[PDB]
Amino acid sequence: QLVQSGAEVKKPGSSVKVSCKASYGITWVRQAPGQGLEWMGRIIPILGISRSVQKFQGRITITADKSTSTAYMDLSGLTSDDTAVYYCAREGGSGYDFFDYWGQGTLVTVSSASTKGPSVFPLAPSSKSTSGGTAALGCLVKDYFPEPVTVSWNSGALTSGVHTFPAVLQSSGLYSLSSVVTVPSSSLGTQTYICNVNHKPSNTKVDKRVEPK
Amino acid sequence: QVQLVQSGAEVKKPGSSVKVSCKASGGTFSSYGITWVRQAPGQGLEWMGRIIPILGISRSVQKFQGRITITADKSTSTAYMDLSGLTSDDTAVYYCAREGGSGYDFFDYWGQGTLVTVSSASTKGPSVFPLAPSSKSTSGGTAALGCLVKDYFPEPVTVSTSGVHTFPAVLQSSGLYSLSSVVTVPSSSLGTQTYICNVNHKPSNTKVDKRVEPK
Amino acid sequence: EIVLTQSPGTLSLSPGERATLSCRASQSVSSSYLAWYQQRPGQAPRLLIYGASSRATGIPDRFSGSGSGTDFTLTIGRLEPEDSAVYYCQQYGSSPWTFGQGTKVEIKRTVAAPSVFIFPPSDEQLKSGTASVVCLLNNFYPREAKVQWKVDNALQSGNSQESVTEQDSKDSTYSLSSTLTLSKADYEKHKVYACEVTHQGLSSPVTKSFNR
């Protein structure tokens with residue numbers, strides 16, 4: 001399994017070391033938001049050899065520490081157009097350079113605007129709803145700037161009806177996304193002390209309890 | 001710059017014979033002796049003898065004289081001792097080393113070493129033991145997992161290169177001893193690629209490979 | 001460098017129907033040097049086919065791979081709802097290795113008369129900022145659903161913002177969250193707030209009610 005790093009927010013004219021915990025290369029693969037994958041470079045820690053695509057040459061250094069076995073890129077001298085999700089993937093050699101196992105991915109967000117904290121918003125379950133099947137309740141996340149914010153319920157337990165909506169731009173550069181869950185546990189409820197949120201840039205975690213109003 | 005590659009842990013019986021073979025990787029025994037050097041377990045080096053394949057001459061220390069024959073085959077360029085008539089007190093690691101002549105007999109390049117283990121007890125197989133990684137450990141830095149090697153008698157047993165901690169074997173109630181191998185992986189979840197845990201036993205010649213599973 | 005065409009793109013097909021994906025190459029490539037990949041909604045792409053013929057170790061052999069020289073075709077013999085994904089043909093044949101434009105498969109099963117709920121503002125961001133109401137439309141197929149906010153029985157402008165999640169891997173249904181952020185003070189005489197839904201699902205516009 002390939003485990004990567006977390007959403008660097010840098011400024012147009014900076015430097016990002018994306019770390020893929022790593023006879024097998026690591027090839028890196030861009031994907032601009034809502035677009036289609038590219039190639040960026042390849043290394044082999046067994047030999048230290050590195051290769052890069054022509055466009056990204058003079059701005060990228062892909063290295064790896066074979067002993068501690070962890071590979072990194074370092075896209076220095078980057079503009080605002082490189083705001084994209086970057087994957088790390090396993091080579092196979094010469095005639096078999098298809099990308100077998102992939103990394104989770106690390107969204108670099110590069111523009112000098114701000115970093116803002118996930119202000120979590122009221123839940124407030126509707127009273128008279130379904131006759132038991134789906135009592136819908138959701139703790140909303142509005143007013144934050146840099147994505148990601150993962151919001152699991154029951155700190156990763158309730159995984160059966162956690163609907164998450166993609167963040168959409170508001171009037172400011174900040175965007176907001178909404179998390180909802182369905183409970184059959186109508187009155188009282190068993191576990192209602194829930195709604196963990198993790199913000200990778202701000203590092204602020206907020207947990208709140210749902211109450212039927 | 002000639003690397004010296006030796007042989008592997010002979011287990012013999014008190015009253016036997018061991019031909020330790022030091023190989024001159026290169027094809028080249030030049031004007032260069034092989035001197036042999038004992039080291040009792042947890043002790044300090046001695047001298048045992050010297051040869052020159054270029055001239056066939058051999059010399060031995062007084063104590064080990066009448067029990068040791070140090071020969072070499074210049075053509076195939078491989079040198080051997082043959083400690084015949086040995087007791088239980090010779091259980092030690094034996095090195096082979098390169099001379100320099102008359103006034104320059106300092107031991108330049110050395111061999112890896114070959115532990116002779118001499119007592120009529122047994123040979124027993126490396127029964128590899130459960131790994132079982134701990135669940136709730138570090139927050140990613142070091143997820144420790146190790147495949148243990150218990151219940152074997154004659155050492156060595158190679159096991160498992162960046163966090164392979166190996167512990168020296170310690171005597172159990174029986175003459176058998178056990179040692180433990182552990183590694184740290186940054187991939188805590190699924191803790192997978194370590195399904196080798198290759199072990200090599202020089203006497204038994206039994207190799208066991210197992211896969212680690214996070215429980 | 002090889003620019004490459006793909007299939008039509010979004011495809012609507014019932015389960016149990018064969019699906020064909022094309023991959024024409026502008027420049028000639030080797031008869032067997034192209035690999036078809038599949039990336040699920042929100043995840044990392046997983047290898048489906050390598051060499052345009054062989055299958056990835058542990059990939060169900062519905063996903064047949066064929067084609068040679070210029071046109072490469074990926075044919076999915078049977079379709080389940082756990083196939084809804086984006087497929088890219090990468091030609092690791094030339095240099096640099098050019099990924100395909102990518103095709104989106106949409107499994108055409110049900111029309112799911114939707115479930116509409118309101119989550120009207122409560123006294124936690126009615127004690128700072130700008131409040132926002134919201135309209136959840138849970139379990140609905142397909143994406144053809146439009147919601148217009150109704151305020152005190154009076155229709156609203158384009159100050160909404162609707163976000164729709166991708167179809168679930170098993171459910172294959174599309175849920176929505178139309179939002180109406182407002183000026184934090186403006187909650188005086190607007191007694192009721194509602195969202196009006198028009199869908200293939202359910203005869204009428206299903207409007208709603210806040211009061212409280």
# chains A, B, ... in the order shown; residues from 1 in each chain; ligands from 1
>>> residues_around(residues="residue A:89", least_positions_apart="6", cutoff="12 Å", atoms="only C-alpha atoms", output="VMD selection string")
(chain A and resid 1 to 4 20 to 22 24 to 30 39 to 44 71 97 to 105) or (chain C and resid 44 to 47)
>>> residues_around(residues="stretch 109-115 of chain A", least_positions_apart="6", cutoff="6 Å", atoms="only C-alpha atoms", output="mmCIF file with N, CA, C and O atoms, in the first residue's frame")
data_model
loop_
_atom_site.group_PDB
_atom_site.id
_atom_site.type_symbol
_atom_site.label_atom_id
_atom_site.label_comp_id
_atom_site.auth_asym_id
_atom_site.auth_seq_id
_atom_site.Cartn_x
_atom_site.Cartn_y
_atom_site.Cartn_z
ATOM 1 N N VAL A 9 -0.683 23.842 1.274
ATOM 2 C CA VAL A 9 -1.103 25.134 0.665
ATOM 3 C C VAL A 9 0.133 26.034 0.574
ATOM 4 O O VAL A 9 0.662 26.431 1.633
ATOM 5 N N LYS A 10 0.593 26.302 -0.651
ATOM 6 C CA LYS A 10 1.804 27.136 -0.879
ATOM 7 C C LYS A 10 1.412 28.416 -1.633
ATOM 8 O O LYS A 10 0.227 28.551 -1.996
ATOM 9 N N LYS A 11 2.372 29.326 -1.842
ATOM 10 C CA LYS A 11 2.100 30.663 -2.439
ATOM 11 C C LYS A 11 2.748 30.752 -3.828
ATOM 12 O O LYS A 11 3.841 30.187 -3.986
ATOM 13 N N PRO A 12 2.142 31.416 -4.841
ATOM 14 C CA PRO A 12 2.643 31.369 -6.219
ATOM 15 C C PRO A 12 4.100 31.833 -6.299
ATOM 16 O O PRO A 12 4.333 33.022 -6.308
ATOM 17 N N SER A 80 0.767 29.415 -10.264
ATOM 18 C CA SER A 80 -0.582 29.172 -9.765
ATOM 19 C C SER A 80 -1.285 28.093 -10.574
ATOM 20 O O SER A 80 -2.342 27.596 -10.171
ATOM 21 N N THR A 83 -1.922 24.002 -9.315
ATOM 22 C CA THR A 83 -2.864 23.599 -8.271
ATOM 23 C C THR A 83 -3.639 22.370 -8.748
ATOM 24 O O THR A 83 -4.609 22.440 -9.507
ATOM 25 N N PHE A 145 -11.418 27.976 3.744
ATOM 26 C CA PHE A 145 -10.818 28.260 2.402
ATOM 27 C C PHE A 145 -10.132 27.028 1.793
ATOM 28 O O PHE A 145 -10.563 26.655 0.694
#
>>> closest_atom_pairs(of="chain B", to="chain A", cutoff="10 Å", atoms="only C-alpha atoms", output="tab-separated table")
residue	atom	partner	partner_atom	distance
B:140	CA	A:3	CA	9.9
B:161	CA	A:67	CA	6.6
B:162	CA	A:67	CA	5.2
B:163	CA	A:68	CA	8.0
B:184	CA	A:68	CA	9.7
B:185	CA	A:68	CA	9.3
B:186	CA	A:21	CA	6.6
B:187	CA	A:3	CA	6.6
B:188	CA	A:3	CA	9.2
B:189	CA	A:1	CA	8.0
B:190	CA	A:1	CA	7.5
B:191	CA	A:1	CA	8.2
B:192	CA	A:1	CA	7.4
B:193	CA	A:1	CA	8.3
>>> interface_residues(of="chain C", to="chain A", cutoff="7 Å", atoms="only C-alpha atoms", output="list in words")
residues 35, 43, 44, 46, 47, 50, 92, 96, 97, 98, 99, 101, 102, 119, 122, 124, 125, 163, 164 and 165 of chain C
>>> write_last_selection(atoms="N, CA, C and O atoms", output="JSON list (two decimals), in the first residue's frame")
[["chain", "number", "residue", "atom", "x", "y", "z"],
["C", 35, "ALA", "N", -2.47, 0.73, -22.01],
["C", 35, "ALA", "CA", -3.04, 0.15, -20.77],
["C", 35, "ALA", "C", -4.29, 0.92, -20.36],
["C", 35, "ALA", "O", -4.20, 2.13, -20.17],
["C", 43, "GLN", "N", -11.06, 8.79, -5.66],
["C", 43, "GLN", "CA", -10.09, 7.72, -5.28],
["C", 43, "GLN", "C", -8.87, 7.80, -6.20],
["C", 43, "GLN", "O", -8.74, 8.79, -6.93],
["C", 44, "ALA", "N", -8.02, 6.77, -6.16],
["C", 44, "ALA", "CA", -6.85, 6.74, -7.07],
["C", 44, "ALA", "C", -7.11, 5.71, -8.17],
["C", 44, "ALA", "O", -7.68, 4.65, -7.87],
["C", 46, "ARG", "N", -7.13, 2.61, -10.65],
["C", 46, "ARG", "CA", -6.62, 1.22, -10.47],
["C", 46, "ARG", "C", -6.42, 0.59, -11.85],
["C", 46, "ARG", "O", -7.29, 0.80, -12.73],
["C", 47, "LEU", "N", -5.33, -0.15, -12.05],
["C", 47, "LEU", "CA", -5.03, -0.73, -13.39],
["C", 47, "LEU", "C", -6.11, -1.74, -13.77],
["C", 47, "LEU", "O", -6.42, -2.61, -12.93],
["C", 50, "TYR", "N", -3.40, -4.26, -19.08],
["C", 50, "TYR", "CA", -2.01, -3.84, -19.43],
["C", 50, "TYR", "C", -1.59, -4.52, -20.74],
["C", 50, "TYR", "O", -1.87, -5.72, -20.90],
["C", 92, "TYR", "N", 1.68, 4.00, -22.99],
["C", 92, "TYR", "CA", 3.06, 3.90, -22.47],
["C", 92, "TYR", "C", 3.93, 3.42, -23.62],
["C", 92, "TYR", "O", 5.00, 2.83, -23.39],
["C", 96, "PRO", "N", 6.61, 11.56, -24.05],
["C", 96, "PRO", "CA", 6.27, 11.02, -22.74],
["C", 96, "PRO", "C", 4.93, 10.28, -22.78],
["C", 96, "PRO", "O", 4.19, 10.44, -23.72],
["C", 97, "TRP", "N", 4.67, 9.47, -21.76],
["C", 97, "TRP", "CA", 3.54, 8.52, -21.77],
["C", 97, "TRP", "C", 2.24, 9.31, -21.64],
["C", 97, "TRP", "O", 2.04, 9.94, -20.60],
["C", 98, "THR", "N", 1.41, 9.29, -22.68],
["C", 98, "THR", "CA", 0.27, 10.24, -22.74],
["C", 98, "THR", "C", -1.00, 9.57, -22.24],
["C", 98, "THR", "O", -1.40, 8.57, -22.86],
["C", 99, "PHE", "N", -1.62, 10.10, -21.18],
["C", 99, "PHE", "CA", -2.91, 9.54, -20.71],
["C", 99, "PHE", "C", -4.03, 9.93, -21.67],
["C", 99, "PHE", "O", -3.91, 10.96, -22.36],
["C", 101, "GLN", "N", -8.03, 11.08, -22.85],
["C", 101, "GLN", "CA", -8.98, 12.13, -22.39],
["C", 101, "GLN", "C", -9.84, 11.54, -21.27],
["C", 101, "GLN", "O", -10.12, 12.27, -20.30],
["C", 102, "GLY", "N", -10.24, 10.27, -21.40],
["C", 102, "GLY", "CA", -11.02, 9.62, -20.33],
["C", 102, "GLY", "C", -12.50, 9.53, -20.68],
["C", 102, "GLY", "O", -13.04, 10.52, -21.22],
["C", 119, "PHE", "N", -33.34, 21.68, 6.18],
["C", 119, "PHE", "CA", -32.60, 21.76, 7.47],
["C", 119, "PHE", "C", -32.46, 23.22, 7.91],
["C", 119, "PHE", "O", -31.34, 23.76, 7.86],
["C", 122, "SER", "N", -30.34, 27.25, 12.62],
["C", 122, "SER", "CA", -30.48, 27.10, 14.10],
["C", 122, "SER", "C", -29.54, 28.09, 14.80],
["C", 122, "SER", "O", -28.66, 28.67, 14.13],
["C", 124, "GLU", "N", -26.80, 28.73, 16.17],
["C", 124, "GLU", "CA", -25.33, 28.62, 16.36],
["C", 124, "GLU", "C", -24.62, 29.50, 15.33],
["C", 124, "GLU", "O", -23.60, 30.11, 15.68],
["C", 125, "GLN", "N", -25.15, 29.55, 14.10],
["C", 125, "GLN", "CA", -24.65, 30.56, 13.12],
["C", 125, "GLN", "C", -25.76, 31.57, 12.85],
["C", 125, "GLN", "O", -25.55, 32.47, 12.02],
["C", 163, "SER", "N", -25.35, 21.56, -5.03],
["C", 163, "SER", "CA", -24.22, 20.60, -5.17],
["C", 163, "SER", "C", -24.78, 19.17, -5.17],
["C", 163, "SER", "O", -25.52, 18.83, -4.24],
["C", 164, "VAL", "N", -24.41, 18.37, -6.18],
["C", 164, "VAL", "CA", -24.95, 16.98, -6.30],
["C", 164, "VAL", "C", -23.79, 15.98, -6.20],
["C", 164, "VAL", "O", -22.80, 16.15, -6.95],
["C", 165, "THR", "N", -23.91, 14.99, -5.31],
["C", 165, "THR", "CA", -22.84, 13.97, -5.13],
["C", 165, "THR", "C", -22.88, 12.95, -6.28],
["C", 165, "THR", "O", -23.94, 12.82, -6.92]]
>>> residues_around(residues="residue C:100", least_positions_apart="5", cutoff="7 Å", atoms="only C-alpha atoms", output="JSON, numbers by chain")
{"C": [4, 6, 88, 89, 90]}
>>> residues_around(residues="stretch 189-196 of chain A", least_positions_apart="4", cutoff="9 Å", atoms="only C-alpha atoms", output="PyMOL selection string")
chain A and resi 138-139+150-156+179+183-185+205-211
>>> select_by_dssp(residues="stretch 26-181 of chain B", states="strand (DSSP E or B)", output="PDB file with N, CA and C atoms, in the first residue's frame")
ATOM      1  N   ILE B  34      47.740 -16.806   3.689  1.00  0.00           N
ATOM      2  CA  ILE B  34      46.489 -16.787   4.500  1.00  0.00           C
ATOM      3  C   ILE B  34      46.849 -17.153   5.940  1.00  0.00           C
ATOM      4  N   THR B  35      46.616 -16.245   6.887  1.00  0.00           N
ATOM      5  CA  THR B  35      46.813 -16.583   8.317  1.00  0.00           C
ATOM      6  C   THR B  35      45.466 -16.822   8.986  1.00  0.00           C
ATOM      7  N   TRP B  36      45.356 -17.881   9.782  1.00  0.00           N
ATOM      8  CA  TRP B  36      44.052 -18.182  10.417  1.00  0.00           C
ATOM      9  C   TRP B  36      44.061 -17.672  11.859  1.00  0.00           C
ATOM     10  N   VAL B  37      42.908 -17.257  12.381  1.00  0.00           N
ATOM     11  CA  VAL B  37      42.863 -16.516  13.672  1.00  0.00           C
ATOM     12  C   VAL B  37      41.617 -16.961  14.429  1.00  0.00           C
ATOM     13  N   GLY B  49      47.858 -20.300  12.372  1.00  0.00           N
ATOM     14  CA  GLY B  49      48.832 -20.742  11.393  1.00  0.00           C
ATOM     15  C   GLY B  49      48.828 -19.871  10.159  1.00  0.00           C
ATOM     16  N   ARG B  50      49.803 -20.127   9.289  1.00  0.00           N
ATOM     17  CA  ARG B  50      50.008 -19.351   8.074  1.00  0.00           C
ATOM     18  C   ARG B  50      50.481 -20.261   6.950  1.00  0.00           C
ATOM     19  N   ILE B  51      50.065 -19.946   5.723  1.00  0.00           N
ATOM     20  CA  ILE B  51      50.568 -20.632   4.532  1.00  0.00           C
ATOM     21  C   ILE B  51      50.854 -19.636   3.421  1.00  0.00           C
ATOM     22  N   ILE B  52      51.654 -20.064   2.450  1.00  0.00           N
ATOM     23  CA  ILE B  52      51.809 -19.339   1.193  1.00  0.00           C
ATOM     24  C   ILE B  52      51.624 -20.328   0.047  1.00  0.00           C
ATOM     25  N   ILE B  57      54.606 -23.404   1.663  1.00  0.00           N
ATOM     26  CA  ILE B  57      55.092 -23.444   3.034  1.00  0.00           C
ATOM     27  C   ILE B  57      53.949 -23.172   4.006  1.00  0.00           C
ATOM     28  N   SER B  58      54.007 -23.843   5.158  1.00  0.00           N
ATOM     29  CA  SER B  58      53.014 -23.744   6.220  1.00  0.00           C
ATOM     30  C   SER B  58      53.722 -23.651   7.562  1.00  0.00           C
ATOM     31  N   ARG B  59      53.104 -22.954   8.512  1.00  0.00           N
ATOM     32  CA  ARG B  59      53.626 -22.814   9.865  1.00  0.00           C
ATOM     33  C   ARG B  59      52.469 -22.747  10.844  1.00  0.00           C
ATOM     34  N   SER B  60      52.663 -23.317  12.029  1.00  0.00           N
ATOM     35  CA  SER B  60      51.599 -23.433  13.013  1.00  0.00           C
ATOM     36  C   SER B  60      52.107 -23.062  14.399  1.00  0.00           C
ATOM     37  N   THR B  71      46.347 -26.179   4.298  1.00  0.00           N
ATOM     38  CA  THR B  71      46.782 -26.417   2.930  1.00  0.00           C
ATOM     39  C   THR B  71      46.122 -25.402   2.015  1.00  0.00           C
ATOM     40  N   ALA B  72      46.577 -25.347   0.768  1.00  0.00           N
ATOM     41  CA  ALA B  72      45.963 -24.494  -0.239  1.00  0.00           C
ATOM     42  C   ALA B  72      46.196 -25.090  -1.614  1.00  0.00           C
ATOM     43  N   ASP B  73      45.224 -24.897  -2.505  1.00  0.00           N
ATOM     44  CA  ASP B  73      45.316 -25.407  -3.897  1.00  0.00           C
ATOM     45  C   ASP B  73      45.584 -24.233  -4.841  1.00  0.00           C
ATOM     46  N   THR B  78      42.365 -21.801  -3.673  1.00  0.00           N
ATOM     47  CA  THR B  78      41.458 -21.877  -2.496  1.00  0.00           C
ATOM     48  C   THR B  78      42.213 -22.521  -1.329  1.00  0.00           C
ATOM     49  N   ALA B  79      42.204 -21.873  -0.162  1.00  0.00           N
ATOM     50  CA  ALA B  79      42.981 -22.333   1.012  1.00  0.00           C
ATOM     51  C   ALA B  79      42.050 -22.965   2.056  1.00  0.00           C
ATOM     52  N   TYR B  80      42.536 -23.979   2.778  1.00  0.00           N
ATOM     53  CA  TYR B  80      41.722 -24.704   3.783  1.00  0.00           C
ATOM     54  C   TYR B  80      42.567 -25.012   5.016  1.00  0.00           C
ATOM     55  N   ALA B  92      34.519 -22.058  18.397  1.00  0.00           N
ATOM     56  CA  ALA B  92      34.902 -20.666  18.233  1.00  0.00           C
ATOM     57  C   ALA B  92      34.739 -20.236  16.785  1.00  0.00           C
ATOM     58  N   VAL B  93      34.737 -18.920  16.563  1.00  0.00           N
ATOM     59  CA  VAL B  93      34.652 -18.399  15.206  1.00  0.00           C
ATOM     60  C   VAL B  93      36.055 -18.222  14.639  1.00  0.00           C
ATOM     61  N   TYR B  94      36.278 -18.747  13.437  1.00  0.00           N
ATOM     62  CA  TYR B  94      37.643 -18.829  12.865  1.00  0.00           C
ATOM     63  C   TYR B  94      37.709 -17.912  11.648  1.00  0.00           C
ATOM     64  N   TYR B  95      38.667 -16.988  11.611  1.00  0.00           N
ATOM     65  CA  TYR B  95      38.808 -16.043  10.471  1.00  0.00           C
ATOM     66  C   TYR B  95      40.015 -16.434   9.613  1.00  0.00           C
ATOM     67  N   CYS B  96      39.992 -16.062   8.333  1.00  0.00           N
ATOM     68  CA  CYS B  96      41.163 -16.198   7.433  1.00  0.00           C
ATOM     69  C   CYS B  96      41.570 -14.809   6.954  1.00  0.00           C
ATOM     70  N   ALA B  97      42.869 -14.530   6.897  1.00  0.00           N
ATOM     71  CA  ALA B  97      43.347 -13.142   6.730  1.00  0.00           C
ATOM     72  C   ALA B  97      44.615 -13.117   5.882  1.00  0.00           C
ATOM     73  N   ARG B  98      44.903 -11.984   5.246  1.00  0.00           N
ATOM     74  CA  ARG B  98      45.982 -11.908   4.228  1.00  0.00           C
ATOM     75  C   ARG B  98      47.288 -11.417   4.875  1.00  0.00           C
ATOM     76  N   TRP B 110      40.235  -9.420   5.768  1.00  0.00           N
ATOM     77  CA  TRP B 110      39.826 -10.579   6.606  1.00  0.00           C
ATOM     78  C   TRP B 110      38.690 -11.351   5.930  1.00  0.00           C
ATOM     79  N   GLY B 111      38.421 -12.577   6.383  1.00  0.00           N
ATOM     80  CA  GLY B 111      37.252 -13.315   5.861  1.00  0.00           C
ATOM     81  C   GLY B 111      36.017 -13.076   6.711  1.00  0.00           C
ATOM     82  N   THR B 114      33.711 -18.255  10.149  1.00  0.00           N
ATOM     83  CA  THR B 114      32.969 -19.544  10.059  1.00  0.00           C
ATOM     84  C   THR B 114      32.877 -20.230  11.426  1.00  0.00           C
ATOM     85  N   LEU B 115      31.749 -20.081  12.120  1.00  0.00           N
ATOM     86  CA  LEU B 115      31.618 -20.548  13.526  1.00  0.00           C
ATOM     87  C   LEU B 115      31.564 -22.079  13.573  1.00  0.00           C
ATOM     88  N   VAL B 116      32.619 -22.728  14.076  1.00  0.00           N
ATOM     89  CA  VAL B 116      32.599 -24.204  14.312  1.00  0.00           C
ATOM     90  C   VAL B 116      32.003 -24.481  15.695  1.00  0.00           C
ATOM     91  N   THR B 117      30.989 -25.349  15.759  1.00  0.00           N
ATOM     92  CA  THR B 117      30.247 -25.666  17.009  1.00  0.00           C
ATOM     93  C   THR B 117      30.351 -27.167  17.304  1.00  0.00           C
ATOM     94  N   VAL B 118      31.129 -27.544  18.325  1.00  0.00           N
ATOM     95  CA  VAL B 118      31.620 -28.945  18.492  1.00  0.00           C
ATOM     96  C   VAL B 118      31.169 -29.503  19.847  1.00  0.00           C
ATOM     97  N   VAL B 128       9.943 -21.125  13.154  1.00  0.00           N
ATOM     98  CA  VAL B 128       9.610 -19.669  13.158  1.00  0.00           C
ATOM     99  C   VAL B 128       8.280 -19.494  13.898  1.00  0.00           C
ATOM    100  N   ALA B 143       5.287   1.576  12.959  1.00  0.00           N
ATOM    101  CA  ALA B 143       4.421   0.404  13.212  1.00  0.00           C
ATOM    102  C   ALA B 143       5.312  -0.834  13.331  1.00  0.00           C
ATOM    103  N   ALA B 144       5.593  -1.276  14.560  1.00  0.00           N
ATOM    104  CA  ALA B 144       6.585  -2.319  14.754  1.00  0.00           C
ATOM    105  C   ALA B 144       5.983  -3.690  14.492  1.00  0.00           C
ATOM    106  N   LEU B 145       6.703  -4.503  13.722  1.00  0.00           N
ATOM    107  CA  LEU B 145       6.317  -5.891  13.513  1.00  0.00           C
ATOM    108  C   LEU B 145       7.579  -6.724  13.374  1.00  0.00           C
ATOM    109  N   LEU B 148       9.465 -13.830  14.858  1.00  0.00           N
ATOM    110  CA  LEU B 148      10.363 -14.364  15.870  1.00  0.00           C
ATOM    111  C   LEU B 148      10.886 -15.720  15.430  1.00  0.00           C
ATOM    112  N   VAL B 149      12.128 -16.033  15.825  1.00  0.00           N
ATOM    113  CA  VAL B 149      12.741 -17.370  15.567  1.00  0.00           C
ATOM    114  C   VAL B 149      13.062 -18.021  16.912  1.00  0.00           C
ATOM    115  N   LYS B 150      12.239 -18.972  17.357  1.00  0.00           N
ATOM    116  CA  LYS B 150      12.537 -19.696  18.623  1.00  0.00           C
ATOM    117  C   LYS B 150      12.784 -21.178  18.318  1.00  0.00           C
ATOM    118  N   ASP B 151      13.230 -21.930  19.324  1.00  0.00           N
ATOM    119  CA  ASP B 151      13.443 -23.396  19.213  1.00  0.00           C
ATOM    120  C   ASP B 151      14.295 -23.694  17.977  1.00  0.00           C
ATOM    121  N   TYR B 152      15.604 -23.414  18.049  1.00  0.00           N
ATOM    122  CA  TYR B 152      16.639 -24.038  17.179  1.00  0.00           C
ATOM    123  C   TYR B 152      17.918 -24.265  17.995  1.00  0.00           C
ATOM    124  N   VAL B 157      21.534 -18.497  12.278  1.00  0.00           N
ATOM    125  CA  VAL B 157      20.227 -18.526  11.556  1.00  0.00           C
ATOM    126  C   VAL B 157      20.000 -17.099  11.030  1.00  0.00           C
ATOM    127  N   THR B 158      20.357 -16.857   9.763  1.00  0.00           N
ATOM    128  CA  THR B 158      20.128 -15.518   9.158  1.00  0.00           C
ATOM    129  C   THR B 158      18.627 -15.241   9.192  1.00  0.00           C
ATOM    130  N   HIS B 165      16.195  -4.744  13.314  1.00  0.00           N
ATOM    131  CA  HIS B 165      16.913  -4.973  14.593  1.00  0.00           C
ATOM    132  C   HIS B 165      16.953  -6.476  14.881  1.00  0.00           C
ATOM    133  N   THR B 166      18.161  -7.026  15.038  1.00  0.00           N
ATOM    134  CA  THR B 166      18.359  -8.471  15.330  1.00  0.00           C
ATOM    135  C   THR B 166      18.991  -8.606  16.718  1.00  0.00           C
ATOM    136  N   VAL B 170      20.031 -16.223  22.954  1.00  0.00           N
ATOM    137  CA  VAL B 170      20.325 -16.443  24.402  1.00  0.00           C
ATOM    138  C   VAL B 170      19.909 -17.869  24.779  1.00  0.00           C
ATOM    139  N   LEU B 171      20.729 -18.570  25.571  1.00  0.00           N
ATOM    140  CA  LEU B 171      20.457 -19.999  25.890  1.00  0.00           C
ATOM    141  C   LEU B 171      19.114 -20.162  26.603  1.00  0.00           C
ATOM    142  N   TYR B 177      18.981 -22.266  21.592  1.00  0.00           N
ATOM    143  CA  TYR B 177      18.836 -20.831  21.960  1.00  0.00           C
ATOM    144  C   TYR B 177      17.909 -20.159  20.943  1.00  0.00           C
ATOM    145  N   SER B 178      17.390 -18.971  21.263  1.00  0.00           N
ATOM    146  CA  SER B 178      16.419 -18.298  20.360  1.00  0.00           C
ATOM    147  C   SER B 178      16.802 -16.828  20.164  1.00  0.00           C
ATOM    148  N   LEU B 179      16.562 -16.283  18.968  1.00  0.00           N
ATOM    149  CA  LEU B 179      16.835 -14.839  18.720  1.00  0.00           C
ATOM    150  C   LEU B 179      15.613 -14.198  18.057  1.00  0.00           C
ATOM    151  N   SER B 180      15.404 -12.899  18.279  1.00  0.00           N
ATOM    152  CA  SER B 180      14.269 -12.177  17.631  1.00  0.00           C
ATOM    153  C   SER B 180      14.521 -11.041  16.593  1.00  0.00           C
ATOM    154  N   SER B 181      13.778 -11.169  15.493  1.00  0.00           N
ATOM    155  CA  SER B 181      13.967 -10.151  14.425  1.00  0.00           C
ATOM    156  C   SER B 181      12.748  -9.232  14.351  1.00  0.00           C
TER     157      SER B 181
END
>>> atom_distance(atom1="atom CA of residue B:28", atom2="atom CA of residue B:82")
22.1 Å
>>> residues_around(residues="stretch 132-138 of chain C", least_positions_apart="3", cutoff="8 Å", atoms="only C-alpha atoms", output="list in words")
residues 114, 115, 116, 117, 118, 119, 120, 121, 174, 175, 176, 177, 178, 179, 180, 181, 182, 194 and 195 of chain C
>>> closest_residue(among="C:5, C:110, C:10, C:61", to="residue C:73", atoms="only C-alpha atoms")
C:5
>>> atom_distance(atom1="atom CA of residue A:49", atom2="atom CA of residue A:16")
20.8 Å
>>> residues_around(residues="residue B:195", least_positions_apart="4", cutoff="8 Å", atoms="only C-alpha atoms", output="ChimeraX atom specification")
/B:209-212
>>> write_last_selection(atoms="N, CA and C atoms", output="compact mmCIF listing (two decimals), in the first residue's frame")
# COMPACT_ATOMS: atom_id res chain seq x y z
N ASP B 209 9.57 -18.73 4.98
CA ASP B 209 9.12 -17.35 4.66
C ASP B 209 7.66 -17.19 5.09
N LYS B 210 7.33 -16.10 5.78
CA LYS B 210 5.94 -15.92 6.29
C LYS B 210 5.44 -14.50 6.00
N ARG B 211 4.12 -14.30 5.99
CA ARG B 211 3.53 -12.96 5.72
C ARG B 211 3.02 -12.34 7.02
N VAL B 212 3.21 -11.03 7.19
CA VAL B 212 2.76 -10.32 8.43
C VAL B 212 1.33 -9.80 8.21
